[PDB]
Every structure is written in C-alpha cells, then in structure tokens.
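One-letter residues, chain by chain:
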Amino acid sequence: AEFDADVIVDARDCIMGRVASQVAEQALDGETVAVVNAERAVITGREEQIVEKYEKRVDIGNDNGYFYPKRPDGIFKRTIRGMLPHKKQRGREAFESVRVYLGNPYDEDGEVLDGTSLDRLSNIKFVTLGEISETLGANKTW
Amino acid sequence: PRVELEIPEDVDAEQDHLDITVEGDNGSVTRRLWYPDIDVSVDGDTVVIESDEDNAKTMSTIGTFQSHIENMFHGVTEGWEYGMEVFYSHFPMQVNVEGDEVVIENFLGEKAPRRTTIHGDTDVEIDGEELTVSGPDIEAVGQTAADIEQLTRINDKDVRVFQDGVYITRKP
Amino acid sequence: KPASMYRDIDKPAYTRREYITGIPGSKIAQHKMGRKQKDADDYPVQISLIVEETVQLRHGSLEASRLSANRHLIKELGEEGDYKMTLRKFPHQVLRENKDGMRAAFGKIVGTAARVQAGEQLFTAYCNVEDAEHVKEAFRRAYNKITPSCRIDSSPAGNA
Amino acid sequence: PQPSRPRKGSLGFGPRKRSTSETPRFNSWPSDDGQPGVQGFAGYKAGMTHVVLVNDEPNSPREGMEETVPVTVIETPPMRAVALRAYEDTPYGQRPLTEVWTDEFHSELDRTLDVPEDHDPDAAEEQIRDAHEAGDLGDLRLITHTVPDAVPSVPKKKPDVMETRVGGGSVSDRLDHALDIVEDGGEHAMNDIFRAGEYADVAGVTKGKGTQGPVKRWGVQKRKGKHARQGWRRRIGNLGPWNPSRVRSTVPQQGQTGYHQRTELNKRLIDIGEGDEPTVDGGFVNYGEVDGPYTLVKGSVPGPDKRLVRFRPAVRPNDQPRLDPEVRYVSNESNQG
Amino acid sequence: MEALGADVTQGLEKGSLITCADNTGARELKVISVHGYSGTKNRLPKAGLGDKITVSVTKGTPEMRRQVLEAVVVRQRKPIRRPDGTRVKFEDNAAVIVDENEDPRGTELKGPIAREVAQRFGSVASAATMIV
RNA sequence: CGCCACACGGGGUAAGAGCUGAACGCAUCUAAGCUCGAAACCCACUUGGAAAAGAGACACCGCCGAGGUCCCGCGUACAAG
RNA sequence: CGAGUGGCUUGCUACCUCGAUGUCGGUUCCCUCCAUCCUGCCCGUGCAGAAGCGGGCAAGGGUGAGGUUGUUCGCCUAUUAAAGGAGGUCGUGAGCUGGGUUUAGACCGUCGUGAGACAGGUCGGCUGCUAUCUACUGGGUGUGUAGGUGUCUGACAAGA
RNA sequence: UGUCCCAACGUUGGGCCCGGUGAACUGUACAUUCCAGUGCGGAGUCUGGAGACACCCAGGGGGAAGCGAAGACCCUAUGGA
RNA sequence: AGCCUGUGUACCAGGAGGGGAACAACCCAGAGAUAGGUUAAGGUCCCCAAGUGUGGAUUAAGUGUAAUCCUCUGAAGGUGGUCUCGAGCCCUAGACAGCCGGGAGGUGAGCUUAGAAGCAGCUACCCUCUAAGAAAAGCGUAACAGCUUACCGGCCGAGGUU
Ligand SMILES: [Cl-]
Ligand SMILES: [Cl-]
Ligand SMILES: [Cl-]
Ligand SMILES: [Cl-]
Ligand SMILES: [Cl-]
Ligand SMILES: [Cl-]
Ligand SMILES: [Cl-]
Ligand SMILES: [K+]
Ligand SMILES: [Mg+2]
Ligand SMILES: [Mg+2]
Ligand SMILES: [Mg+2]
Ligand SMILES: [Mg+2]
Ligand SMILES: [Mg+2]
Ligand SMILES: [Mg+2]
Ligand SMILES: [Mg+2]
Ligand SMILES: [Mg+2]
Ligand SMILES: [Mg+2]
Ligand SMILES: [Mg+2]
Ligand SMILES: [Mg+2]
Ligand SMILES: [Mg+2]
Ligand SMILES: [Mg+2]
Ligand SMILES: [Mg+2]
Ligand SMILES: [Mg+2]
Ligand SMILES: [Mg+2]
Ligand SMILES: [Mg+2]
Ligand SMILES: [Mg+2]
Ligand SMILES: [Mg+2]
Ligand SMILES: [Mg+2]
Ligand SMILES: [Mg+2]
Ligand SMILES: [Mg+2]
Ligand SMILES: [Mg+2]
Ligand SMILES: [Mg+2]
Ligand code: NA
Ligand code: NA
Ligand code: NA
Ligand code: NA
Ligand code: NA
Ligand code: NA
Ligand code: NA
Ligand code: NA
Ligand code: NA
Ligand code: NA
Ligand code: NA
Ligand code: NA
Ligand code: NA
Ligand code: NA
Ligand code: NA
Ligand code: NA
Ligand code: NA
Ligand code: NA
Ligand code: NA
Ligand code: NA
Ligand code: NA
Ligand code: NA
Ligand code: NA
C-alpha cells in the first residue's frame, strides 16, 4: 500500500501495449508510475486468437519455470517489463518504481495518455484484460 | 448512408448509449446495436441508423439494424407467434409447461423427461396437440420455439422412420 | 515418377535423335481431333488454352490432359460433333534418369516432354457459338492435368 | 514395440516432502446450505476394530442383513472455539480483518499461545459489522483448539489450535451464531456438528517413514530376473533420455515418504458415542484404553495412533445420507493374537 | 456381470492347470483367458472363483483332449471373503465346462460348489449336489 | 495377496445442430448479434506454496524481558541436521 | 495425370568426429507428436432395428498376456472397449542384458595351386571408473523482508 | 521352485554420525542454469527470452558429445612384419 | 543437395569498423594516433540513439512487422471475404427480385398402345381467344389428378444484370 506515484495513469479503454510503451519510457526517466484500472485496459484483435496466445504462455514451462501471470494486474506489469532492461540495475530500478493496480486505489482519477485511447464506437474487435484473465481461469477479484 | 424509421403511433422508443428500448401495448424489448461507426438515434418520432462509411460490411449491418428495429416495432404491438404440432407414432408423448420450462415426457418411450428453459418473457400456450410460442422479442420467441423442436433431436436412429417430436408449423 | 523431376527448363536442349537411342514412344494418341476434314476458319469461335509459365510437360501428361479434354467434347457434342481441337506442341525434349551413385551419373533415356514458353497456346479448339461453354469446360479439365496455371483465352468470338 | 503403461505413482500429491504442520489444514469448505454451524471438528486416532452392521443401502440386495465393517476408533472429546476471525474481500483475495476473543481460557492453552490479557471484543465486533455493512465481509471462521488433557492415552497436553469455518444461512445470522458460541466459552461437541450416518472428510498427516526408495515411494518395479543379480535391485533403469540433458522432476526418485497431509473423502461416520463401548481387550496396541467421547469412522484414516485428525462435512459426497445405522455388534476382542 | 456378493483374491493365472468338476470326459483343464479381463504390462492375467474362463483340455478322453472350451470357476484354494467377514477356501481349484448359453456341457457336477457362483450361473447351480 | 476413499455440477468452446439477420427486397446458422454442443479447456476437488524484492494479513504477548537455544526423560519424528 | 506435406524407410552427399560421441535387439524409467486403434461429442449412409461402413472435432486416459525367432519386422493363439503409429543421438550400456553383427579357436559348403576368402551356415568366445561441475529427488544452515507466539492469506505451481 | 505374476519381512557386513589414519583419478579459463535459435551441420560460455538469494548434507547417475586408450573398423604411406 | 565439376568476377582465406538478434565471404565500408563534425548501410513505439511524423488508400488474417538465405516455405486448385478500374445489355413507357392473380380453348393434338391425355416412344408442333399461356422446360400418377417453369397482368419503386 501507499505508493508515492509521480504519475497515475488510467488504462480504462486504453491500448495496453501503447500505454506500456509510454510507462516504460517515463520510468527510465525517473518517474514513479502507477497504472490504474488494468482489468479495464484493452487489447485489439480477434479475441479467440489473443486468448490462444495467452493460454499458450500459461502452458509453456518446465522445472526451470516460466511464470506467466493470469490476472490483469500481473499481465500488464509483465507487458511493461518486456519494454525495460529489467536485468540491468537502471532497468530494474525503473520496473520497480512502476506498479499496476486493479481498479483505482487512489483519490485522484488517473490521466489518460495521448494516443492510447480506443474508440468503442469505432471498434468491435478487441478484448478487455479481465476478459482474458477470466478465460485464463483467474479468480475474479476485481 | 442514412435510413429513417417512422415509429408507429402505438409505440414509444427510447435509446441510451448503444441500447435501444422499444415499448408497446404488448410489452418492451431492449437490444444492443453495436457496430463500428454506425450511430442509431431517436429523433423525436423516428429512429435513425446512419454511418459515414458505405462499404459492404457497413451496409450489411445497417440493413440488419433496420430489420431488428422494425421487428421490435411489430413485437410490442402485434407480437410474435410460432405454432407447433406434437406428433408421435407408438409412444404417446406428454408435453407440459412446468414452471419456466416446457417438459416433454415419455418421448420415444424414454423414462427420463426431456426439458428446456423458456427464453425471456416468452409464453408457451398448450392446447391438446397444438402449441403456440409468443412474445414481443422475436429473438427469445424464435429460439424458444426452435429449442422445442430441437429438444426431440435424434441422431442414433433413422429420422425418416422415427418421426416423433414437436414441430414448428407456423412461422410469423 | 513425379513431374517435379522434369518440369523445369534448365538442362540443355536434348533432341538430337542421331545421338540419342532407346527413346520411348509418345503416349500421345493423336494431335488433331474432332472434324479434322473441316477447316479452322469454318468456325466462328476459337478458344485456346494458354500456358502461363514456361515449363516442360511430359508425354504422359500431354496425353492425360488432351484425353480428358476431348473425351468431354465427345461426351457433350458427340463422337462426330461439330468442332475441331488441336494439340499444337510436340514432345521433342528427351528425358534422362540416373537409375553406382553419382559415378558415371549421365542418366538413361526414360521419356520425352514438350517445352512450352509462357504465353503459348497448348490447345486450340474451334467450335460453333453454342458449344463454347463445353470447350471452356474441356479446358478447365485439361489445365488440371499439367504443371502450369493457364488462361482459357477466347480468340475470335465476341458473342457474349 | 514396448507395451504402454501408466506412470509409476501420482504427480498430484507433491512435492513429496515433510509436512509443515502436523495439524492438518483444509483448503476447502462445505457450502452454505443449512443453518449456521461450525464446518469441522477434530479428535485423536486410537486404533481399529470391526463392527457388525445392518445393511443400510436401499439399493443393495442385502439390505437389512448382518454385515461386518472395519472401523477406526477416534477419541473425539469436546473442543473450544476460542475466537471469531472475520476475513474481508480485498482485490488480492481474502484477508483476516479482526478477531473476537474471550476471557474463559482452558488452564493449559498457554502451552502453545500467548493468551490475551487485555483485549477489546466489542471494537472488533463493531469493525466486523461495519465491514459487513460496507459489503466487504468475506467469510467467518472460528479459532479452535483441542483438549489433549481430556485424552489420557495421548501424552501431549499442549492443545492443537486450528481454524475452522462457519457456514450458515445468511452472513448476518451465522455471524451472530459464531459470536454466541464464542461468548460462552466456545465449548462444542461432535454431536453439535455431526450425526452418525453422515459422510465426513477426514484430513491427517500420514505415518512418517523417513527416506525410502523409488520401489516403495513410487511403486516402480524391482529389477527382474538376471538383472536382479547384477548389482542393481531397487534402482530404476535410467534417470531420463539423452535429451533433454537434465533429470526431469517427474522421474521416480528416492526421498521423504510418509508424514504428508492427506484429505480422505467420503468417510462414513458409523457411530458417535461415549464410554468404553469400543475399547479392545488389553488396550489398543501402542495407544491405550478408550473411555470417553468417541467417533467410529468407517475404514482407514490417515496417520498413526495418537495423531490429530480433522473432520469436515463431505464437500463432494456420492451417496445420500443414511442416518443412524444399526450397530448390532462392536468387537472388543484384543488386537494382540 | 452380476455382483458375486463376495470379495475374491484371484488364485489362478493364464496357464494354470485346474480340475474339471464334471462328467464331460475332460479331467484336467488349462486356463487360457479370462472373459472381460484386461490386465496391465507384465501382469500375468488372473482368474478366480466366479469367473468365466476360456480353457484347453489337458487330460481326459481323446475326444475332449486338446479342445478349446469355455468354463466357470467353481472352486479355488486361495480364500475369498463373505459379507460377514469370514474367509472361505477350497481343497482344490476347479471349473465346469460350459457352452454358449452358460449351461453345463456335462450332466453331473462332481465335488462341492460355492454359493456365490449360483447368483451368476444358475443352470450350473441347479446342477450341483453340494453348495457351500 | 488384505481393507478404506478417489463425483457430480457449473462456465466457455471444437466438429456439429440451430435462432434472428443483412450485404443481395427473396433466400441464407454468420457478415454484426444469439441459443446450444466433446472423455478435450476453465472452475470445482487434492497437494505445495511469504524469498510473491509490491519479500503478505490478523490476534495476542513482549522490548529487561515475551520468546528461543542448550540441558534432561522420550518418540506420533528421524541417515547428519 | 497434376500439386504438395513429412523426415519413420531406403538411396545420395562427404559438412561434423578417426589424440574413439560404445553396436543391433531387449529391458527399465521419463517427456512428447497426431496422420486417432478404443473411449467422448458429431456428419453421411447403399442409415428400419441390431451390427456396420466412410468422414469430422478431439491427444484426457487407455492401447494389455502369450507360442516360434537374437531379431526389429512379421507369423500365430486366446482374451479386449481397443489391444494405433511415431519422435526424444534409429531416447535410455559413467542403468541392466549380451542372444545377433564383428577379434583371436574349430567345423561344413562354395572358391582358390596355396596362404587363405565368403554381404554362406554353425559351436565357443571379457562389459573398466571412488561424480569436480551441472540436473533433478528429498534433507539442513544462513542472510534478506525488519522482538516473539499462534492462526491464515494465495501470486503462482502439480494432478488422470 | 520368488525366474515370473509382485513384491514383503527378516539376518549378517557395509552404508549414515563420532575419534584416529589418510591416498588417487581429474583440472585452458570462466561457470546457478532452462527453452529456443545460431554456429564447422551435436553450445553451461554466441543471440533472444525465461528462470535464478548464498552455503551445506544424502541420493540415484540425465548432461558436461563425462573420465580412461595419439581408433582395433575404413582409407592413405613408393611404412613394418 | 550445406552435391560433384568448369568458367568470368568480386570477396573470405589473410579484411578491421558500422548494419544484419547471433553468423568467414549479404549490405555499408577497406583501417596510423588523438580530436571536432557530417554522412553510409540501416533505422526513428519501448527494449534502443532518432517520429507514437505528414498527405492518401488497402488489409481483420496478428495477414504482416522475414532484402539475400541449408536458414525467411508454402503449391496445383479454389474464394458473393473486401477494395478499385472498365465493357455489353435492361430500366419511372417501371427494370432485378419477391408476393398476388392469370397461366385459357378446338384438344384428353396423330400415331403407337388394353391405356398413355405436356411429360414411356415415334411424327408433327398447327389456330382460336387474348393482356398472356408451349402439340409443354421440370417433378408427379399405373394412366388421370396434383405441383411449379415458360409466357401476361398487378402490387412495390430504383437502379439492375452479364
Ligand atoms: Cl512452469
Ligand atoms: Cl536487461
Ligand atoms: Cl472492429
Ligand atoms: Cl529389470
Ligand atoms: Cl489372456
Ligand atoms: Cl584495401
Ligand atoms: Cl499477436
Ligand atoms: K571416428
Ligand atoms: Mg443402428
Ligand atoms: Mg553382470
Ligand atoms: Mg493384532
Ligand atoms: Mg485372531
Ligand atoms: Mg514383459
Ligand atoms: Mg558418452
Ligand atoms: Mg485431427
Ligand atoms: Mg498427453
Ligand atoms: Mg538408440
Ligand atoms: Mg523407445
Ligand atoms: Mg547413459
Ligand atoms: Mg558400460
Ligand atoms: Mg560406474
Ligand atoms: Mg554374442
Ligand atoms: Mg548362438
Ligand atoms: Mg555365436
Ligand atoms: Mg542469456
Ligand atoms: Mg590415431
Ligand atoms: Mg584390418
Ligand atoms: Mg612387407
Ligand atoms: Mg589460410
Ligand atoms: Mg529514444
Ligand atoms: Mg505470421
Ligand atoms: Mg524470398
Ligand atoms: Na494488439
Ligand atoms: Na507458464
Ligand atoms: Na562402381
Ligand atoms: Na495446373
Ligand atoms: Na550381485
Ligand atoms: Na556389480
Ligand atoms: Na549415453
Ligand atoms: Na462444457
Ligand atoms: Na517474508
Ligand atoms: Na518433402
Ligand atoms: Na537419410
Ligand atoms: Na576426438
Ligand atoms: Na539397446
Ligand atoms: Na487421446
Ligand atoms: Na512374438
Ligand atoms: Na548415440
Ligand atoms: Na544396448
Ligand atoms: Na556394459
Ligand atoms: Na528370495
Ligand atoms: Na550423471
Ligand atoms: Na581482400
Ligand atoms: Na552484427
Ligand atoms: Na503474428
């Protein structure tokens, strides 16, 4: 609890990857970022295929391991980690100064980043993180 | 393109967001009409279906939205009715509406009753060997009717010989 | 054997029968079909089968397709129908096969094939305006028995 | 072509390691159907004897006839629900909110706990009800402990504390039911939760066996024929193929076998009584004499004599309850001979 | 099949030589297969009291000798358990040659028979002198 | 070799069966939408799991004393630990 | 006739290793593929029924015991829901076995003047090493999270 | 008749812990790896990802194309016997 | 064939550095030390220096985001998926489709045939009524009957068809 985020981003109806790309750039810049309403974040494309890719990631693994998240919480963070040199000191510092949350635990409403919004009126082929998570078998806590 | 639908005097149609509600003497039906760049609004006493794009895919849906709304107009006034006839060859089949689901007993001599839950505010009136599915939502009615006919599906044996089962006799 | 082994025109022209011996005969029964006594000009419609890619078609293949095309015309216009089809290409290119591994690998003569440059007419039929849809169907069956893709080009005939 | 064959042993009870708590912990609970009530109890395994029963099964051709049935005797004295823990529904799952305790403590509860000297019950109660009003109240469970002192055969006096859930009608009613039980002194009995004929799920930490080989631990074969005389007798063929170049965790290897938690499903409660009706002549070998509150469980139960075993209303029973079976006879014959 | 009404520890295996408890002319029987049974790798197929086994005639009249017939296991040395707990065991392992209809091939059944076999093979049962 | 226990049911799908429905006035299971439907998938159930670096929660006891180790008699435990 | 997919067979090549990557077959133990033998759900039928036949989805589980033969393969018997095929250095010799191929002894047939040969047959004929690293099965000691006791949570992980 | 179905229990010596004694094999370097890829086509070290807190005890030997022997097979040498 | 064997050439061998995920010969590039600057190949959402650049269009398959290649497959054949460009014919004197109505008489034409009447087969295939309506294109009956097709009219109203 209590994360002194310099920036609070609202992912509701926003394209996950594009938001993720911007959060990484800011975290490496020194900004403490809190991504909010991840369950409501969005990702375009044909649902059936999207789900297939994520279900495969859950299935992939062995003794050494491949921990792939099922909750929208972890999925968004893993998406962001893929955009950071998380194994490097500078990269790990950034990734750890970033946190994703289900819903919005802060008082302030998060800000919608430029170019991340998806016009629901203009789009029918996309999915919500929660929808993916529910399909993965995640316990709907949100 | 743009298509204006004059709403009947008996009807009252209201729309909030992408959901359209159509109210009438026979009841009310609400549907979601969601498609890329097709805006459906209620202008006084005429529903408007329009879009800036005129491509084949868009035209397909605009034509679909039209019929959906018209069918709603018809449902809240005249209503929707499907007729059915229960037919059997050797084993007398008992068909009863129990609770919220039509139940069929002794089908083809089976001990276990076949049942199916009725969709929405659809009514299934039974009088002897005739059934009548009715309601304001064509979606719900048409399905309930189909579910009834499907309930007596037979894959294991020859349909041409074993012809028992309820059947859609009249389609609106 | 697969046509994959002989469909490309990469080897030199090997036609000189004065230096090649033991060449199997052609399986192609006859190049001129239908009413061969009648002339090509005596017909309003002239439809040719045009090979879209430069290739080598083996004699068994030329026979296999010619047959399936003409056999259809015989079935639709009669054994003495009013038409005449022509298979203009002949299998001059002799084919070898190294049937010892790569030692003294020059193959032995196993067959023959026709070299067709893309855009050429393999088959050309002449018919009357009514039987034009039959000749088009004969060609649709014919191009299914040769390596390349083809165009069913209608030459003299603007009766559509 | 080498015949097929299922793998040796199950991959569902791993890792096959020593249990963290000798006292079992259920990871599931029964549904909230009937009236508010505690969803579990505990006792101490004593031993086995057989019982003669009248066929209770309506679908059996033998219905009504004599029938010999193996039974494990478990001393199940009263336990004590010392507190009420409430969980709240958070975005990360359930989390303990607060606890409501008492003042009346068993003389020897401090052998395990740091018993409360200054506690505010009301405040916790209030917090729980406020959370309930907000619609954040998860579930309600009672902290319970046993009275080993009540069981002579069991040497320990140090009580076994475990949390059991309360499944009730409405959240508002079972909350009250819970609070009440606790306020008194939390004293409750097997009668309060179970009735002979019902099926219970018995959880327990199996008899420990230390390290054992693959043959015993995974049920792999022993080397056969000539192979058995070469220098290898109870070692598997190989640790795996050339590739992947690593030993997969799924190959049957040596290790800790025994002393694991197990939850046996659908255990019929043949009879819940009191006294010495079940005790064997000469005493239960390695246990002692049973003269008190007990439960007769059909068949086997995990664990060695003296071990703590937990009960729970079968979460997935196959049969319908056939209450209070007729016991025409209980063997008291010596288990030595 | 129909419940035996008794727990059985199979005492026979494929290849086991048993006694033919009848006047068919076949004296010794050899177990070949166990009807409805499928084992597991390396496991020698097991047969017990109350099973319908396939048999080969080892000894007896030249006529019956070397024939492949079906039979029912009537007795076995290895114990079996009854509902009341008691174990029951015989002095030998024996079977009775049977036809397609499960009717005994012969006319008379030598030696005693298990009661549990009755619930399965009535015609064999109602042909026994003794039923233990 | 003996004895006990080891579901069903939900949810979403495949092939498939359909409903409403347009492009294409009709027709059409599909294009938008919807109802169903596999031993297969997800939940359910069992086992592990605060080293989950966001390294967790609650309750009480305690910071000159709560609690722990050593020691001693022993095992429901155990190759050392 | 034409177009392909696979990489199980066979052939081709001669890239890799001749200061050695231990053979065939078998065994044992583990994972996988689907082009599905059985089982679940389906479509067609030359679908009355019953029994089948052909096809679709589908790899969860299963796919067993024996007689000849070193055999793989295959032939054969009786059971079975069915007794599917294939990959993992033709998985598996710092695991086993050692019947076969292929050392040194010997015989037979064929060939050779002969020594001796054989893509013929046959009898006999050896299986090394105390694990440094890594890998996994289980067991501990520390540090981190930052006083203790007891009770839990559940990111994830395993299951047929 | 435990060769097998199908394994169990037991006995003696080891094995494990303690005192004392006290080698060898092996070692370019680095080295917590796993999945894939690439590369002289059979990589702990290259590339991309995944996983990974350190140390220690026991184990059975999957990998280091493990250790041991300048291949016996095959060819080559204007080699030998 | 990451095959064998020529030939011309440039490269690797013996060639750094930049790009290409890695990678002798593919691209840039031939290179003394140090330093400032500008470009090349290649690249500008993040990882990762530079665009979440501009005008316009297509694609819904995650196609694709893969110059060259053992390495990056994907073919013959098929597609009222969708976009674009053109040609012929029909259309407010009402097209295309759908729905309604009509589809008639001499006559059930002759012949064959027990029978055959649009419709087993053979021949012919005529004329009246009329706004149309075949000596009948397709099912159907033993043959009739019965069911649509041709053809006409009506309703509807804008493009339609090849
Ligand atoms: Cl994993
Ligand atoms: Cl990194
Ligand atoms: Cl869309
Ligand atoms: Cl073995
Ligand atoms: Cl068998
Ligand atoms: Cl130079
Ligand atoms: Cl994707
Ligand atoms: K070598
Ligand atoms: Mg049938
Ligand atoms: Mg040995
Ligand atoms: Mg005893
Ligand atoms: Mg006794
Ligand atoms: Mg075997
Ligand atoms: Mg090796
Ligand atoms: Mg398939
Ligand atoms: Mg599998
Ligand atoms: Mg091998
Ligand atoms: Mg194998
Ligand atoms: Mg090995
Ligand atoms: Mg060896
Ligand atoms: Mg060794
Ligand atoms: Mg040998
Ligand atoms: Mg031999
Ligand atoms: Mg030999
Ligand atoms: Mg790496
Ligand atoms: Mg050498
Ligand atoms: Mg030699
Ligand atoms: Mg010499
Ligand atoms: Mg050189
Ligand atoms: Mg940048
Ligand atoms: Mg792709
Ligand atoms: Mg290319
Ligand atoms: Na996307
Ligand atoms: Na995973
Ligand atoms: Na040669
Ligand atoms: Na072609
Ligand atoms: Na030995
Ligand atoms: Na040995
Ligand atoms: Na090896
Ligand atoms: Na389902
Ligand atoms: Na912690
Ligand atoms: Na291929
Ligand atoms: Na090969
Ligand atoms: Na070497
Ligand atoms: Na082998
Ligand atoms: Na399967
Ligand atoms: Na065999
Ligand atoms: Na190898
Ligand atoms: Na071997
Ligand atoms: Na060996
Ligand atoms: Na022995
Ligand atoms: Na090893
Ligand atoms: Na150079
Ligand atoms: Na590079
Ligand atoms: Na893709």
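Residues numbered from 1 in each chain as written, not as in the entry; some residues may be left out. Chains lettered and ligands numbered in written order. Part of a larger assembly, values for the part shown. Heavy atoms only, no water.

- The record for the entry shows the title "Girodazole bound to the large subunit of Haloarcula marismortui".
- Under the heading Function, UniProt records this for chain E: "Forms part of two intersubunit bridges in the 70S ribosome (By similarity). Binds to 23S rRNA."
- As its UniProt record puts it under Sequence similarities, chain E is described as follows: "Belongs to the universal ribosomal protein uL14 family." (UniProt positions renumbered as here; feature names shortened; annotations may be inferred.)

- If you look chain C up in the PDB entry, it shows as 50S ribosomal protein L10e from Haloarcula marismortui.
- Under the UniProt heading Function, the entry covering chain C gives this text: "This is 1 of 5 proteins that mediate the attachment of the 5S rRNA onto the large ribosomal subunit, stabilizing the orientation of adjacent RNA domains. Modeling places the A and P site tRNAs in close proximity to this protein."

Overview of the overall build of chain C
So, step 1. From N to C terminus, chain C includes two helices and seven strands.
So, step 2. Taken from N to C terminus, the helices and strands of chain C fall in the order β-β-α-β-β-β-β-α-β.
So, step 3. Based on the C-alpha atoms only, the size of chain C along its principal axes is roughly 60 × 25 × 25 Å.
So, step 4. Counting every position in chain C, which comprises 160 residues, the buried fraction comes to 39%.
So, step 5. Total accessible area on chain C is roughly 9,400 Å²; 44% of this is exposed by carbon and sulfur atoms.
So, step 6. Side chains of chain C give 27 positive and 21 negative charges; the mean places of these two sets differ by 9 Å. (Helix = DSSP H or I, 4+ residues; strand = E, 2+ residues; numbered from the N terminus. Buried < 20%, exposed > 50% of the residue type's maximum accessible area, 1.4 Å probe, protein only. Areas by Shrake-Rupley, 256 points an atom, 1.4 Å probe, with all protein chains shown as cover. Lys, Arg positive; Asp, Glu negative; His and termini not counted. Charge placed at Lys NZ, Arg CZ, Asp CG, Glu CD.)

Points about the state of the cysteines
So, step 1. Counted under the stated rule, the structure contains zero disulfides over all chains.
So, step 2. No disulfide involves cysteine 127 of chain C; its sulfur sits 18 Å from that of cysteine 150 of chain C, the nearest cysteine. (Disulfide = S-S within 2.5 Å.)

Quick look at the protein's contact with RNA strand G
So, step 1. In the vicinity of RNA strand G there are 96 residues, among which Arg153 of chain B, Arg5, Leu11 and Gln94 of chain D together with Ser33 of chain E approach most closely.
So, step 2. Counting only atoms of RNA strand G within 4 Å of the protein, the sugar-phosphate share comes to 79%.
So, step 3. Between a sugar or linking oxygen of RNA strand G and a side-chain N or O atom of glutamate 163 of chain D, the distance comes to 2.8 Å.
So, step 4. Only helix 1 (59–77) of chain C, strand 4 (79–90), strand 5 (93–100), strand 6 (137–145), strand 7 (161–167) and strand 11 (255–256) of chain D together with strand 4 (26–34) of chain E provide two or more residues apiece to the surface near RNA strand G.
So, step 5. Among the residues making up the surface near RNA strand G, the classes are represented as 33 nonpolar, 33 polar and 30 charged. (Near = heavy atom within 4 Å. Polar contact = N/O pair within 3.5 Å; in protein donor to acceptor, adjacent residues only side chain to side chain. Nonpolar A, V, L, I, M, F, W, Y, C, P; charged D, E, K, R; others polar.)

A look at the sheet that holds strand 4 (residues 27–32) of chain B
Residue and element names in this part refer to chain B.
So, step 1. Spatial ordering of the open sheet is given by 2-3-4, a layout of three strands whose pairing is antiparallel. In the strand order of this sheet, the two ends are held by strand 2 (12–16) and strand 4, each with one partner. When the angles between neighbouring strand axes are averaged without regard to direction, this sheet yields 15 degrees.
So, step 2. In the sheet, strand 3 (residues 19–24) pairs with strand 4 via six bridges, with the strands oriented antiparallel. Across the sheet, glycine 24 pairs through a bridge with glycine 27, a residue of strand 4.
So, step 3. The sheet contacts of helix 1 (residues 56–75) involve strand 3 and strand 4, and relative to strand 3 the element is tilted by about 25 degrees. (Pairing = 2+ DSSP bridges. Axes fitted to C-alpha atoms, helices over the stretch in contact; angles between N-to-C directions. Contact = heavy atoms within 4.5 Å.)

With respect to a positive patch on the surface
Residue and element names in this part refer to chain D.
So, step 1. A cluster of basic side chains, namely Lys222, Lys224, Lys226, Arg229, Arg233 and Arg234, defines a positive patch on the protein surface.
So, step 2. Note that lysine 222 resides in the loop between helix 4 (214–218) and strand 11.
So, step 3. The class of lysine 222 is partly exposed, set by a relative accessible area of 43%. (Patch = residues over 30% accessible without salt bridge, like charges linked within 9 Å, V, L, I, M, F, W, Y side chains within 5 Å. Salt bridge = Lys/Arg side-chain N within 4 Å of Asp/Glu carboxyl O.)

Observations concerning the interface of chain D and chain A
So, step 1. Across the contact, eight residues belong to chain D and seven residues belong to chain A.
So, step 2. Summing both partners gives a buried area of about 460 Å² for chain D against chain A, and 33% of it is carried by carbon and sulfur.
So, step 3. Taken together, the connections running from chain D to chain A amount to one salt bridge.
So, step 4. Note that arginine 246 of chain D and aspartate 63 of chain A form a salt bridge whose closest N and O atoms lie 3.6 Å from each other.
So, step 5. At the junction of chain D and chain A, the tally comes to four residue pairs in polar contact.
So, step 6. Classifying every residue of the side of chain D that touches chain A gives three nonpolar, three polar and two charged. (Buried area = accessible area lost by both parts, 1.4 Å probe.)

Quick notes on the interface of chain D and chain E
So, step 1. Taken together, the contact between chain D and chain E spans eight residues of the former and six residues of the latter.
So, step 2. At the boundary of chain D with chain E, total buried surface from both sides reaches about 540 Å², with 51% on carbon and sulfur atoms.
So, step 3. In this structure, the connection of chain D to chain E is made through zero salt bridges.
So, step 4. The interface formed by chain D and chain E contains two residue pairs in polar contact.

Some remarks on the environment of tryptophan 34 of chain B
So, step 1. Inspection of the secondary structure puts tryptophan 34 of chain B in the loop between strand 4 and strand 5 (39–42).
So, step 2. In the structure, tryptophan 34 of chain B is positioned 17 residues away from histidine 17 of chain B in sequence and 9.6 Å away in space, judged by C-alpha atoms.
So, step 3. There is a polar contact of 2.9 Å between the side chain of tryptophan 34 of chain B and the backbone oxygen of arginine 120 of chain A.

Points about a negative patch on the surface
Residue and element names in this part refer to chain D.
So, step 1. On the surface, a cluster of negative charge is contributed by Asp103, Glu104, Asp120, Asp122, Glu126, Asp130, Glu133, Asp180, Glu183 and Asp184.
So, step 2. Looking at the negative patch, the elements that each hand over two or more residues are helix 1 (121–134) and helix 2 (171–184).
So, step 3. Position of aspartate 184 relative to the elements: it lies in helix 2.

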